[PDB]
Amino acid sequence: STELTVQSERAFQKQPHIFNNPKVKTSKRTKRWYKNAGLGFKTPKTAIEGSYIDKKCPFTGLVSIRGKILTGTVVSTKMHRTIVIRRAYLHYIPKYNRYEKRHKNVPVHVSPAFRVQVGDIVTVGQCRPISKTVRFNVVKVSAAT
Amino acid sequence: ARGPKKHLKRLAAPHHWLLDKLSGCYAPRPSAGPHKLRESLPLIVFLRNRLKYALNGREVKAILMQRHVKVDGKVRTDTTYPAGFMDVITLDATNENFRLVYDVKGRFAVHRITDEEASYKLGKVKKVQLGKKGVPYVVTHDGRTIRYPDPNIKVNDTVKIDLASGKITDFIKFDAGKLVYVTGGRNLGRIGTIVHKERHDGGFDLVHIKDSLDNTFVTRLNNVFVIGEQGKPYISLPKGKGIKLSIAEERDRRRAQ
Amino acid sequence: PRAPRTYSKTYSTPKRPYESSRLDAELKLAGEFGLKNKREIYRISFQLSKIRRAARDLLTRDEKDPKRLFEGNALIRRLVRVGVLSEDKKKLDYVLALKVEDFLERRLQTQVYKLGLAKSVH
Amino acid sequence: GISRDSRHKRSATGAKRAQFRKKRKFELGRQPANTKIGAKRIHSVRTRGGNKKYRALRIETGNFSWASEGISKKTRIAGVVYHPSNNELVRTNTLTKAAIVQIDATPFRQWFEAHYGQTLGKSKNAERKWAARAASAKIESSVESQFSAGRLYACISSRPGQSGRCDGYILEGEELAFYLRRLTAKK
RNA sequence: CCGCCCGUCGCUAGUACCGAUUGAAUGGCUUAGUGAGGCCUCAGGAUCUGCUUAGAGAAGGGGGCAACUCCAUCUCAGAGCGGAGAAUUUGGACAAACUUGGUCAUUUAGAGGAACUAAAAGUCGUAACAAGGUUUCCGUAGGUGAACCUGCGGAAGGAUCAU
RNA sequence: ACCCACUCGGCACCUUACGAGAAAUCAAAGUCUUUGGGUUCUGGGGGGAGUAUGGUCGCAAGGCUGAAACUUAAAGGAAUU
RNA sequence: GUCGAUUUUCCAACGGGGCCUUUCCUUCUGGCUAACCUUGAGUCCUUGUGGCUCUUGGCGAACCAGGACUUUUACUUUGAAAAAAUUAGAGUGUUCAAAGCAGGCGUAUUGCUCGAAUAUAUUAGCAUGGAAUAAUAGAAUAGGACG
RNA sequence: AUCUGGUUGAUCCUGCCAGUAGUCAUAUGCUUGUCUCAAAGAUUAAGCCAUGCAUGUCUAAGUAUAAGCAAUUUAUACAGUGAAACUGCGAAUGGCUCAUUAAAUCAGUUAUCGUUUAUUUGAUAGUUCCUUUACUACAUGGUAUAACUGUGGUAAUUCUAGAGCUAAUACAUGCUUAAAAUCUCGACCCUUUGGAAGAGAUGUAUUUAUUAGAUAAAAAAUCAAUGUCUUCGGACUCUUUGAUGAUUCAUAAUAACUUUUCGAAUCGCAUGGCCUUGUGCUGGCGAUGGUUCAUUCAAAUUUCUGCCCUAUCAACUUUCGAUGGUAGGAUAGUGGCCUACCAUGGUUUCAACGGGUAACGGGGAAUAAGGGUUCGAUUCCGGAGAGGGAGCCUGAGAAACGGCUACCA
RNA sequence: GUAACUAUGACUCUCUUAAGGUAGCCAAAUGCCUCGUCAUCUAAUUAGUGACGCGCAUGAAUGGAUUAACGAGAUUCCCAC
């Protein structure tokens, strides 16, 4: 989602240990690796038939999703292949027998397989620590118009 | 912490040894071995407390270094050797062959067995994979690994080990109608039969067990141990047979005598 | 450093410590049984206050519930074996009205007195 | 030393965290002893359980794999021409992963001629093999040039600062097309 | 009601503030500059070295012509590396500590200045409580030994629940 | 149109009273130990003190926010003689 | 209804599943279908719609493990793992008690034997049943639904 | 589940002061006969410390000529017991304190398909010579020194200098392989249904590339690589594979690669078996050691949610990483952890950030209607520190302090 | 001149003609004594600064008190040199 350039960066945008053997005659000549994320997350057709790399993708990357699967509204999508989700919840206080609202903004990596805007419900899954803040990857999206 | 700990303070010990609160501030820190520290029972606590064969933890050294107490048919003179579930502590003198299984309440009761029976263990099948040179191996809860199993032995199954040689003999698969020992939940010590289990994907697969009173309780398949099928258990079950009587009826049994 | 050895105190000082009626009552049921101080009575009053809280605890909840049945019968059994209840008062409502006097009628000095060969309980 | 700890480094909200734990061993990071070209030298580092790690300095003669042929020849490296990280690694001629180089190209000529075909860059049992290969395949006008040129383009796959080796990966295909454009763009 | 009670002033003995002093001290962080030390690294090469069968004069240079009945036999031109290897030093990052200002926090000196409370009530009046003898009070403005006084607007908690 | 009688909706009210409040008293100050319709603001003995300090606003006068040390067994509300 | 320990109706109260009244848990491919919606010879048989050696055509609901899509939360039920010590509390004459987790009973010569329970941990996470209270969207330029 | 005294001439209130009870709270004052039990330099000064001690270790099973004691009825190489020293292992546990520390530690609960792990417990290693007719393997070197013997020095320290020796599971090297198959390279003749003499390599580990690691479902014409069976019209039939929700996983195969890791030049006790009497060949129980994979004791990060008082702290972070991307470096490994090159992000009235804490967190503690309030330095768990910062070697494990180095006091 | 007390803010009289220097400020470029006294700056300061004020003989457009910026103005101290 840069967008419209897979040959953007200084290094070659590969898939690692995946070879396009050039002496072989395959009409299409393009081999894209992909996996099942698991837990009944239907890998989008955009990832399988796409042209992007994203090594941090839960389908087309070297990061297996294990842990827990959280959900939240998207707040910010301003930085490259990373969003921020606001996980609104109530915190019950045992003295006043009452609750209070808390944000907990979580930063999440979006693979180009999906498209998100401000105010979409996403379901994210825990993965290896991607960067200093982001721990979760986007696996589902539900844009309610 | 700056390296691994080697002392265990008395209060911080596992409760199911029953280690009196007073008399010494330390407990037997069980050495590394076949079973986990919390789920094990060191030879010190077995010989000195449960059997009362030795007074102190110095007299058990005189018992162990005189090569008597074989844990899985092998001598084993380590005073804090973690002997655990399904191990056959064999005192060659007196001719006693104790298989350490759980008391109904959730402790290791002393359970004397014959020698005909004290020549296998029933290893619960943990991971199975191909090792180097594409050789399939099975690893059991004991830390025993067995190359060339039956290719029908999957995870959660149980496997009779020869324990004289150390080879698989017979194996029991894990599904409905099979007898099960529970291996530490609060349902620790209970013996029932499987009704049906769940398919919780990366979320702890629970199983619904029914005992011999139509009493159904739920436990995790890692605390669940396949012991046999209905009627003929592959080992001798201890007096009680993991029924778990409620406070009233168990007091009525105790007071009838 | 090994482990904390548990101690607990058995007596309890009354709330308002100068009261004609309480002082009268306590000296009387101290002079009857020949006690040494007022803490004897404060202890028996504490023991009965523990039993009464344990009784109300077991009462307020459901009837024919294993917790009420087991703990209730345990207490009644323990009391009828002491002799603070008799044969015909095992209902867990008699226990709630148990009169510290009843416990004080079962001390060894009182029994030595009441079984003769004792000549005045002092 | 060069601690890789997260418990320095200004928390996500913006707060400067108060330092506790006098820097611990297990967050260790070491100096990058950069590897140059020619006059082989290797220094070993003891790392986390003896477990030796070999930091190459001046490493020579990497093991390069022509994947499409399915073979790998021990070759002299000439020089680093382009790197997608810095442009100073090129000038110093330092060897690191994903560093695009020139290798001597002439055990690959010698193999291709001896095994498959006839003079790239232009008994009975050997003639059978050739006549059975029977134009197995050709090269697509991009690797043909570089054998005659004397030195052909490759990309390092081994991490030579840790492995102690500068192996891997002769360029070929759309990868070579890209790295030709990126080379000829600058110089 | 010979009840009550308000301020100035004076005596006392407490607390707080303003205060020139480039105040002072402690602490944290931080600018710019020196920067011990070990570690990585470019070198360096005191010494100690093994085969060097390497030409070596040496005439029991082995129980004596004898490539001695050749010795770690006389003695080095070498030589390679098989090498080990100290000080030394080349840059690197880690970084104490030093100086130098900075900024914030806490602690705290200060000649003087303007207060406030208390304490016997000592001086001066008698402001308030009655229509307290000018009804009281609020906001604001000015004046004055002191209470206070006066203007304007407001309020009854007014001494009028009335035409 | 003004006026008269009955009628509502809203208004500024007023006169008699079972509930409330320490009482004076009241259309809400009732529906409150038989304690919960929604919601904002404020107070915790009397002084020191609406004072000092620090910000903030203002041409200034001042306004907003606003302490503590220390002191004291009462100060105060309503009604009765 | 009986030998001061316990079950039957005449006969209720409490809390429930099936079944349709337009009511539908989305339902498939195999395995499994025990099975009669049926009969392959029928008939062991006091006159019997008394009873099975067993099986054409299809039941599915005994029965998954694969399909594979589910407009989302709070709330509450039950369960899972919740260290021990402490707390509540079961048992036991440490001479009593605070304690302790011991002890108990026989030939007390080779002995045998009960114990070291249970309960709360009302936050968060995990499974589980309910769907009353509270919010969110769904078909409005139909880019709506089903075959 | 309780109150009572105090404003008034008296009264009803608001209200505070005082009384009252308790404190695994502390101090202190008088008094103090017995039994059980038992905290104790935490607040102030994580301020300073004299001195003595707190970490060393031996079996039958590493090295022995102690110039030690054995000393007699196993000894002519050693062999008992038992110093010193080398070697191994430990010294990272324990104990102590609470200064720092306020999304930090911590609790409960997650994840390693993101890694290391001495030791323990399981498995696990015919492939190393290198061209094949007498090159160590019935056994290599000092390319080494301790302890010991002597010759010393400083006033001094757990100072060691020069010389004479001598061992190791120390330190260096360094061979003993069976069978079969698979691959490559070629000593072979005939225009074919076209096929081989031999030589070498193929253990494990490293590193990199390449391939395999399968799959909801029945039929079909056709051209070629057409190799056997042609039962000479034409038939070929059966063609294999583990685990997870999920992996580039386990695992295997091709090409290689490496200053080529490992494979037992080790020790104790019995001393048996067959005769070809060599004074052979074969052989048990043990002990260490050893490579990889499991296991265990661990570790390191790690998900979610929860911390006391302040607005007289409303904006904070970004040259000097702040948020993300690409690549690299480094790490045991993940990661702005660090570097380079890019984009301008990220937190916040649901209280960010700043300040305070006489704040280490928790299990818990005191009080007791219910609801709570206050506390927890302190017998267990975790975190931190060893006068203050920083650095680092040794090791599986330390940024160790009863280890070293430097600076400040 | 008297007066709480120990230095006096209440009384009383007579006014230099008309008024008695108010708000302010100062040993000031205006203070004789004077090198005033107290603090501060220095080891030491007739200097400097900040205060004190019965001020020989300060003072309100003969303007008084402040005052940013400016000054080849007069003066003091500090760092660099």
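Residues numbered from 1 in each chain as written, not as in the entry; some residues may be left out. Chains lettered and ligands numbered in written order. Part of a larger assembly, values for the part shown. Heavy atoms only, no water.

In its metadata, the entry names cryo-EM as the structure determination method and reports 2.9 Å as the resolution.

### Here's the deal with the packing of aromatic side chains
Between two aromatic rings, the relevant description is the distance of the centres plus the angle of the planes. A complete count under the given rule lists 16 aromatic pairs over all chains for this structure. Consider the rings of B:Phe85 and B:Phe225, whose centres lie 5.0 Å apart with planes at 75°: the pair is edge-to-face. Remark: B:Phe225 occurs in strand β20 (residues 224–229) and B:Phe85 occurs in the loop between β5 (82–83) and β6 (88–91); sequence separation between them is 140 residues. Residue class for B:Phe85 comes out buried when judged on its relative accessible area of 2%. Residue classification places B:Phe225 among the buried positions, given a relative accessible area of 1%. Each ring, one from D:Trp111 and one from D:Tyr116, has its centre 5.5 Å from the other, and the planes form 35°; the classification is tilted. (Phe/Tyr/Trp six-rings, centres within 6.5 Å; stacked < 30°, edge-to-face > 60°. Helix = DSSP H or I, 4+ residues; strand = E, 2+ residues; numbered from the N terminus. Buried < 20%, exposed > 50% of the residue type's maximum accessible area, 1.4 Å probe, protein only.)

### Concerning helix α5 (residues 174–186) of chain D
Residues and elements named next belong to chain D. With 13 residues, α5 should cover 18 Å at 1.5 Å per step; its first-to-last C-alpha distance of 19 Å lies within 8% of that length. Of the positions making up α5, those classed as buried are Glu 175, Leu 176, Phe 178, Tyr 179 and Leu 183. Across the axial projection of α5, the buried residues extend over an arc of 160°, all falling on one side. Exposed positions of α5 whose direction lies more than 90 degrees from the buried face are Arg 181, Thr 184 and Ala 185. Close packing links the buried residues of α5 with β5 (77–82), β6 (100–103), α4 (144–149) and β7 (152–155). (Expected span 1.5 Å × (residues − 1). Arc of directions from axis to C-beta. Contact = heavy atoms within 4.5 Å.)

### Quick notes on the sheet that holds strand β6 (residues 121–126) of chain A
Residues and elements named next belong to chain A. The 5 strands are arranged β1-β2-β5-β7-β6 in a closed barrel whose pairing can be described as mixed. Each adjacent strand pair in this sheet contributes to an overall mean axis angle of 55°, direction not counted. Two elements, β6 and strand β7 (residues 136–142), share 6 bridges in a ladder whose sense is antiparallel. Across the sheet, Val 122 pairs through a bridge with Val 141, a residue of β7. (Pairing = 2+ DSSP bridges. Axes fitted to C-alpha atoms, helices over the stretch in contact; angles between N-to-C directions.)

### What about the interface of chain B and chain C?
Taken together, the 8 residues of chain B in the interface contact 9 residues of chain C. Taking both sides of the interface into account, the surface hidden between chain B and chain C amounts to around 800 Å²; carbon and sulfur atoms contribute 66%. Of all residues in chain B, B:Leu22, B:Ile247 and B:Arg251 give up the largest surface area on contact with chain C, accounting jointly for 51% of the area buried on that side. The tally of links from chain B across to chain C stands at 0 salt bridges. Counted by class, the side of chain B that touches chain C contains 4 nonpolar, 1 polar and 3 charged residues. (Buried area = accessible area lost by both parts, 1.4 Å probe. Salt bridge = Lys/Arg side-chain N within 4 Å of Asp/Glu carboxyl O. Nonpolar A, V, L, I, M, F, W, Y, C, P; charged D, E, K, R; others polar.)

### Some details on the interface of chain A and chain D
For an interface, size is often stated in terms of accessible area lost upon the parts coming together. Listed per partner, the contact involves 13 residues of chain A and 25 residues of chain D. For the pair chain A and chain D, the summed buried area comes to about 1500 Å², and 52% of that belongs to carbon and sulfur atoms. Counting the surface chain A buries against chain D, the share from its top three residues, A:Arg10, A:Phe12 and A:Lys23, is 49%. At the boundary of chain A and chain D, one finds 1 salt bridge.

### Some points on unusual backbone geometry
All names here are of chain A. Between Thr 2 and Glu 3 the backbone carries a cis peptide bond, its omega angle lying at 15°. Note on placement: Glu 3 falls in the segment before α1 (45–48). With a phi angle near 55°, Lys 104 is a residue other than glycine that sits in the positive phi range. Looking at where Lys 104 falls in the secondary structure, it is placed in the loop between β4 (101–102) and β5 (105–109).

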